[PDB]
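Okay, so here's the structure we're looking at.
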Amino acid sequence: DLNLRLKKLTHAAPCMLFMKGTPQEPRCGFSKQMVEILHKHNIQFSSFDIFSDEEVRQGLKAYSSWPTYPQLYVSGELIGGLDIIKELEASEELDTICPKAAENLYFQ
C-alpha cells in the first residue's frame, strides 16, 4: 500500500529531505542549494534520493500535492521546497523550525 509507505517515509526521521541524489553528491542545483543551507545551519536531517524509486518520486508528488523537488519534511509535515527554506533562513526561523543534534562530548 503506497500511501502507508509514503507516510512511513516522510516520518522516517524528525527531518526528512526528498532530493535528487544524496547530500554528498547532489544531482541538481536545486537539491545542492537545499543541502548547502541545511549543512550550514547544522540541521539534523536524513534524506531520500528520488532517482532511486520512481513510484515514490511520482507518488509523493500526488500524496503531498507538491509538484517538484526538493521537498523538506519536519516531524512528518511538509515544510516546502527551496524557496520556503530560503525565506526561513532569511527571516531566521529555519533554526527554530528544524531539529539539530546534540553536540555533547564523548570524553571527560
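Going by the C-alpha cells order, chains are called A, B, ..., each with residues numbered from 1, while ligands are numbered from 1 in the order shown.
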* Name the residues in contact with stretch 45-62 of chain A at a cut-off of 8 Å, using only C-alpha atoms, excluding same-chain residues fewer than 2 positions from it; report them as a ChimeraX atom specification. => /A:2,6,13-23,43,64-68,99
Could those residues be written to a file, using C-alpha atoms, as a compact mmCIF listing (two decimals), in the first residue's frame?
# COMPACT_ATOMS: atom_id res chain seq x y z
CA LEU A 2 1.69 3.13 -1.32
CA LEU A 6 4.84 7.31 1.86
CA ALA A 13 13.22 10.88 10.69
CA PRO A 14 12.48 14.09 12.61
CA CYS A 15 13.68 15.90 9.48
CA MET A 16 13.45 14.28 6.06
CA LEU A 17 14.68 15.63 2.72
CA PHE A 18 13.48 14.21 -0.63
CA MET A 19 16.14 15.19 -3.21
CA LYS A 20 17.92 14.45 -6.47
CA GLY A 21 21.00 12.44 -5.37
CA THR A 22 22.46 12.49 -1.87
CA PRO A 23 23.79 15.29 0.33
CA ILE A 43 20.33 20.89 10.73
CA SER A 64 1.70 15.86 -0.83
CA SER A 65 0.24 17.85 -3.76
CA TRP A 66 3.70 19.38 -4.23
CA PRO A 67 4.73 19.07 -7.92
CA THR A 68 8.59 19.24 -7.56
CA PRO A 99 15.89 19.85 14.64
* Write out as a PyMOL selection string the residues lying within 10 Å of residue A:25, counting only C-alpha atoms and excluding same-chain residues fewer than 6 positions away. => chain A and resi 31-32+35
Output C-alpha atoms for every residue in the selection just made, as a PDB file, in the first residue's frame.
ATOM      1  CA  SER A  31      18.969  19.936  -4.391  1.00  0.00           C
ATOM      2  CA  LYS A  32      22.563  21.186  -3.973  1.00  0.00           C
ATOM      3  CA  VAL A  35      21.708  20.631   1.252  1.00  0.00           C
TER       4      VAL A  35
END
* Of the candidates A:78, A:94, A:84, A:102, which one gets nearest to residue A:7 if we count only C-alpha atoms? -> A:78
* If you measure from atom CA of residue A:92 to atom CA of residue A:74, what distance in Å do you get, rounded to one decimal? -> 16.6 Å
* Asked: What residues in chain A get the DSSP label strand (DSSP E)? Please answer as a PyMOL selection string.
  -> chain A and resi 15-19+46-49+71-74+77-80
I need the chosen residues saved as a CSV table (one decimal), in the first residue's frame, with N, CA and C atoms.
chain,number,residue,atom,x,y,z
A,15,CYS,N,13.6,15.1,10.7
A,15,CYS,CA,13.7,15.9,9.5
A,15,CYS,C,14.1,15.1,8.3
A,16,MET,N,13.3,15.2,7.2
A,16,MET,CA,13.4,14.3,6.1
A,16,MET,C,13.5,15.1,4.8
A,17,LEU,N,14.5,14.9,4.0
A,17,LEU,CA,14.7,15.6,2.7
A,17,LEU,C,14.6,14.7,1.5
A,18,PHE,N,13.7,15.0,0.6
A,18,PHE,CA,13.5,14.2,-0.6
A,18,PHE,C,14.2,15.0,-1.7
A,19,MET,N,15.2,14.4,-2.3
A,19,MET,CA,16.1,15.2,-3.2
A,19,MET,C,16.6,14.4,-4.5
A,46,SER,N,17.8,13.4,7.6
A,46,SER,CA,18.0,12.2,6.8
A,46,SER,C,17.5,12.6,5.4
A,47,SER,N,17.8,11.8,4.4
A,47,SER,CA,17.3,12.1,3.0
A,47,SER,C,17.0,10.9,2.2
A,48,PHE,N,16.2,11.1,1.1
A,48,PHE,CA,15.8,10.0,0.2
A,48,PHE,C,16.1,10.5,-1.2
A,49,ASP,N,16.7,9.7,-2.0
A,49,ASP,CA,17.1,10.0,-3.4
A,49,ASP,C,16.0,9.6,-4.3
A,71,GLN,N,11.9,18.5,-1.5
A,71,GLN,CA,10.8,18.7,-0.5
A,71,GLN,C,11.4,18.4,0.8
A,72,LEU,N,11.3,19.3,1.7
A,72,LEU,CA,11.7,19.1,3.2
A,72,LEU,C,10.5,18.9,4.1
A,73,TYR,N,10.6,17.8,4.8
A,73,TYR,CA,9.6,17.4,5.9
A,73,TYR,C,10.2,17.6,7.2
A,74,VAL,N,9.4,18.1,8.2
A,74,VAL,CA,9.8,18.1,9.6
A,74,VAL,C,8.7,17.6,10.4
A,77,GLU,N,5.6,16.6,8.5
A,77,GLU,CA,4.8,17.7,7.9
A,77,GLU,C,5.6,18.3,6.8
A,78,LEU,N,4.9,18.6,5.6
A,78,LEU,CA,5.6,19.2,4.5
A,78,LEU,C,5.9,20.7,4.8
A,79,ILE,N,7.2,21.0,4.9
A,79,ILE,CA,7.6,22.4,5.1
A,79,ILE,C,7.5,23.1,3.7
A,80,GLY,N,8.1,22.5,2.7
A,80,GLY,CA,8.0,23.0,1.4
A,80,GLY,C,9.3,22.7,0.6
* Go through chain A and collect every residue that DSSP, computed from the backbone, puts in helix (DSSP H, G or I); the answer should be as a PyMOL selection string. => chain A and resi 2-10+29-40+50-52+54-64+82-91+94-97
